[PDB]
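Chains as they are written, first to last, in the authors' numbering: chain Z, 474 to 663, 671 to 790, 814 to 927; chain Y, 474 to 790, 814 to 927; chain e, 5 to 102, 114 to 165, 218 to 436, 462 to 591, 597 to 650.
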């Protein structure tokens, strides 16, 4: 195995002399090669907030990470790093990380109060915002890093066992571990495609943290994985709430192309930000693409059934099952976030009220279909999943219209049982 | 690494066009292929309660799992599943699970309140008894499943990892984990170069992991039986950091003792059911290790701890074991069973209503077997070894019997040491 | 002392209101580089959404009548290159009023002699002092610093001599000739890069001004041969050609020549300014009007396919000159022709480089239109300035070629009389310089506006650019068109034939202070640039008698 330098949302060179160093919601950092040196150009999307600047690269940095306060650079061959803050008040600092024979820096990370540097031999060296060292730790080799505030999330991959991930928090008292090298369910891969595989042996396109406190990962299998309930190890699980193949197929009309990929940028509570790249290569080049937004969809479909019923269109009855799965995951995560962290924007209550109303409404469409096919028993289990008290009243009217008097009395027993538990 | 569809106690075709889909304590499900389709006939051991029936298959359902309430069928290629209840109250239902290119259903499971469908990519899709879909969970690829009406037990394995075990329960509100992906050190099958022309090559091609059968016990303990012919039982499953695997049975020593010290390979053990003291099996005689059409009568085989020497048994001579040697094996067997039965009653309570008589008889035989080793230590004048054996006694009446063995062996210093243990236990009991 | 990002944010908050909080900038029109620096500053002030007011000023005596009479609440005055030599705070009194003052100008002076008060002792004159000169007369830390505060009969007597020791180092200093060391293109473009705004129009704009100084000095832009190279590669728009895009303004590099405006047109009127290049060799007419006819009429120059042959398949002939002058390289060795240069295109509408482009801007600034005539002469040059500033859009196309066809007659006009004053033989090397007085010829009207005069000297400094291994001194000319003998006399610089080792800036402005200090008998320095003054007819003859003895070089 060869330890290649990894960067968040980076693209390889290909047949050109320029590429993207890093890419996130703040902006993008790229490099332009000239006759004797390298040239780093940093461009942002929000031109009105920060000042755009550029400088010549004499040392030849190949690693970069961008956060809301500065830019960190790192050299894998000589171990020389440099942190450049956007404000002129803070001064620049340069320090050389010691490296052994054959040791290369594979991934870097930066937070405004701590600096995280990972190597191929598993050396964990942590610095503060001024360069003062605190501790030297020996762990598994880190191949990927992402951070929002305090948290350190490292992906580990050894020579023999490999494929694991760790989750930690750099608190004021001591470093606390929530997960200790749990196995990663990401699928490994079994010319544009050939060149990308060598530079990126694991196929990790991009990785970032969500705005609501949950870690997200996007592997080579093009499935958006959502880590829910990370504060409790008893109920911590991965949730694939979005499937790439289903979203492209429904919007286009019922076909499936090859040259239209989905590169992830950010996720801010409703849609996944992306760049529509059209061409042979899977990596973008220089034009300025407009950012697009894709609506989140659960990957639950059949392929033979969609062709018989015919941009490909989905009917009413089939979409009620997908709407039930999507609303159930989002309502549970939003409830636990507000009861533990509170409000963040100030409009979470209107989102929660609209989501809970659509959840009970979508369940009634499946409830009406069960009564039409005379399945009284399947209709009984659907009534217990209702949350609001007004949804139970609406279930009685669907049952009386379908001429089922025994189903009507069963709804009333659920109502009396919830009122007794509420008074205890 | 290409996977294979796994079923509980499934047998391959071999040199025929017919095989068994699944096999358990309820009954057996077999299929007969006559040149165009499959004919699934489900037979049971209890002819009095249920009625034997059969039907014609037009989809080729190879994955099956049988429980006390119904029969589940699954298709690894198209993803079409079907559940058939035995009683006439509930009606049949058909649903097609969507599957991508490459992805196939490897193992299915069925409980009366939850439906478990596992895939080759590790997608965990769970359904209820009415068909309402739940949340989709992405985990490691599942290769083996077993359940007994309430919990989900998954075994994970890939090409860059190794065999593991997970224990979870599908509750009414959310999924709760007892054990989450802990490593399982079960040995893999070692296929050599001479196995390519052997007649048992067909069994390993349908099941590369070598998992012959796996099921839960009558008292709720997880069990697994791999290709290494050693029955492994999971002890202390209520504590995640204290969970241990304890081998209480081995077939490789029992065949040699019953055959009079021979070296034949025509005798095997196929596990069907285990209710705390006897593993039900079928004595298959022949070259093949898998059963075929008509099943012989079931025999009874009591569990024995695999602690023997091979050179010592030949010098002392069905092979017979003496009194003195069997006391060490009886002590190891009774110690494991008494600890598990005590923790089961203090946390789950009674299940049949006769657990107290089993516990009283087991504790009496435990103290009695320790006295045989205690008498042997006094005869060889080892006073110090006899002191450590006295501390392992549970009942107060066993301490009185140890005094009489010590006085007969003419050891007055050993007598007073037994009385100090008696005074120490009475002081702790009053606190 | 002024970090470049700091003054921008500081001048931002001082006038950013939606009222008459008007900041106003001033610019001279007498310089091409003075224009192009200001144009890029205005447009970023548009997209930073501030109100403004732009006024040109052509005359140095005019500055009082344009500022010191009309002010209400202007807090932020801005100015481009006016007061490196004369102190404006002595020229204009500003009393200290309201240490954290009430109205603060900046300055963007580009010249070599500075003024010590304007950097040290700064209270309203916030000058541009960043990493421009790190050695801003580094010996000054005790001269004026002890001039500010100035038994003791033997002690103070020594202390007066130390002041007199400080007096000489302030006497040799403030007695130097002037140039521009660094163009104003260099400063503000570096400032915007500290802010970081990526537009190739800027990169097209900043290179224009430094291209203008290619005919006034040599090694100033020779330092900028890397800084042209890195930016066009760091601001690489594309790796492919990505053809048939009418937009996107692609930037490349291609070789080019002293023989100029070729890609626009006229290999015909190249024949004149090929003989300009042979005027750089050893002649002006004689051998060349034979010698040109080995290298030129080899192809008769057509009418219709000459839109194609000296546009396109002259690339077979530019190659052919490229394979002619490679064998004129180890043998001729005249390296005034092959040059690296720079070019741009518009997607369509022809390829236009920046060599010829500065040429159109000079001529279009020229033509394109008691004491009662000078007012109606001064209102012209401001007005015709104005139609050149809007030349930097795509919206001017059919006015762009207007200067082009204007330029290729003005040289034919200026060469028509240069050949006359040679053959008259009225250049006289008296002792130091050479003096020429164009008393009267034809077409005297094109010598009022001084921008033609430096070009006439630029042609005339090169007639004497032979070996001349003694007396490398430029000339002083004379001409008159209007009443009372105004006589816009001027001086030139000596030139080097691409071998500056000696420090040759100017000696005349030192003498120009002398004659102006003598009698004040109708002498004028009201024109802006110190290299041009005026004289009376009966004063030019005692002018030179004061100059043939006052050897100040």
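We put the beta carbon where it would ideally sit given N, CA and C, even for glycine.
### Task
Drop a sphere of 10 angstroms on the beta-carbon of residue 779 of chain Z, count the other beta-carbons inside from all chains shown, and report buried for 16 or more, exposed for fewer.
buried
#### Entry: N- and C-terminal bounds of the beta strand (DSSP E) containing residue 539 of chain Z
536-539
### For residue 821 of chain Z, the first and last residue of its enclosing alpha helix (DSSP H)
819-841
### Task
Evaluate contact between the region 595-604 of chain Z and the region 580-587 of chain Z, counting only Cβ atoms and requiring at least three cross-stretch pairs below 8 Å.
yes
### Task
Report the three-state DSSP secondary structure of residue 542 of chain Y (helix, strand or coil).
coil
### Task
Kindly indicate which three-state DSSP category residue 530 of chain Y falls into: helix, strand or coil?
strand
### Message
Check for me: the beta strand (DSSP E) holding residue 582 of chain Y runs from which residue to which?
### Response
578-583
### Task
Could you check which residue in e:512, e:633, e:636 and e:333 has the C-alpha nearest to that of residue 363 of chain e?
e:333
### Message
For residue 888 of chain Y and residue 866 of chain Y, which I take to be in contact (beta-carbon distance under 8 Å), what is that distance rounded to the nearest angstrom?
### Response
6 Å
### Message
Check whether the region 333-343 of chain e and the region 500-513 of chain e are in contact - that is, three or more C-beta pairs closer than 8 Å.
### Response
yes
### Message
Quick check on the burial criterion: 16 or more other C-beta atoms within 10 angstroms. Buried or exposed for residue 902 of chain Z?
### Response
buried
### Closest Cα partner of residue 772 of chain Y within the set Y:782, Y:764, Y:758 and Y:754
Y:754
### Task
For residue 525 of chain Z, go through chain e and note every residue whose CB falls closer than 8 Å to its CB, in chain order.
262, 263, 264 and 265
### Task
Please decide whether residue 304 of chain e counts as near chain Z, where near means a Cβ-Cβ distance under 8 Å.
yes
### Task
List the residues of chain Z whose Cβ lies closer than 7 Å to the Cβ of residue 594 of chain Y, in chain order.
660
### Residues bridged to residue 31 of chain e (per DSSP)
e:60 and e:84
### Query
Taking the continuous beta strand (DSSP E) assigned at residue 600 of chain e, which residues delimit it?
Per DSSP, residue 600 of chain e belongs to no beta strand (DSSP E) and is neither H nor E.
### Query
What did DSSP end up calling residue 743 of chain Y once you bin it into helix, strand or coil?
coil
### Task
Just mark residue 475 of chain Z as buried or exposed, buried being the case when its beta carbon has 16 or more other beta carbons within 10 Å.
exposed
### Proximity to residue 681 of chain Z [Cα-Cα], best of Z:568, Z:635 and Z:704
Z:635
### Query
Residue range of the beta strand (DSSP E) that residue 564 of chain Y falls in?
Premise fails: residue 564 of chain Y is in no beta strand (DSSP E) and is neither H nor E.
### Message
Which residue marks the beginning of the beta strand (DSSP E) containing residue 555 of chain Z, and which one marks its end?
### Response
553-558
### Message
Give me, in chain order, the residues of the same chain whose beta-carbon lies closer than 6 Å to that of residue 539 of chain e; leave out the 5 immediate sequence neighbours on both sides.
### Response
571
### Query
What does residue 827 of chain Z touch in chain Y if you count any residue whose Cβ is under 7 Å from its own?
606
### Contact check, residue 547 of chain Z vs residue 539 of chain Z, beta carbons under 8 Å
no
### Query
Three-state secondary structure (DSSP) at residue 888 of chain Y?
coil
### Unbroken alpha helix (DSSP H) run spanning residue 478 of chain e, endpoints
464-481
### Task
Would you check if the region 85-100 of chain e and the region 489-496 of chain e touch, i.e. whether three or more CB-CB distances between them fall below 8 Å?
no
### Nonlocal neighbours in the same chain, by C-beta distance under 8 Å from residue 56 of chain e, ignoring five residues either side
26, 27, 28, 29, 46 and 49
### Query
Under 8 Å Cβ-Cβ, which residues of chain Y neighbour residue 778 of chain Z?
609
### Query
Does the beta-carbon of residue 59 of chain e have 16 or more other beta-carbons within 10 angstroms, so that it is buried, or is it exposed?
exposed
### Exposure label - residue 544 of chain Z; buried when at least 16 CB within 10 Å
buried
### Task
Thinking residue 581 of chain e and residue 632 of chain e are a contact (beta carbons under 8 Å), I'd like their distance in whole angstroms, please.
5 Å
### Query
What number of angstroms, rounded off, separates the C-alpha of residue 77 of chain e from the C-alpha of residue 14 of chain e?
18 Å
#### Entry: Segment contact flag, the region 246-261 of chain e with the region 554-564 of chain e, C-beta cutoff 8 Å, min 3 pairs
no
### Task
Leaving aside the five residues before and after residue 909 of chain Z along the sequence, list all residues of the same chain whose C-beta is less than 8 Å from its C-beta, in chain order.
879
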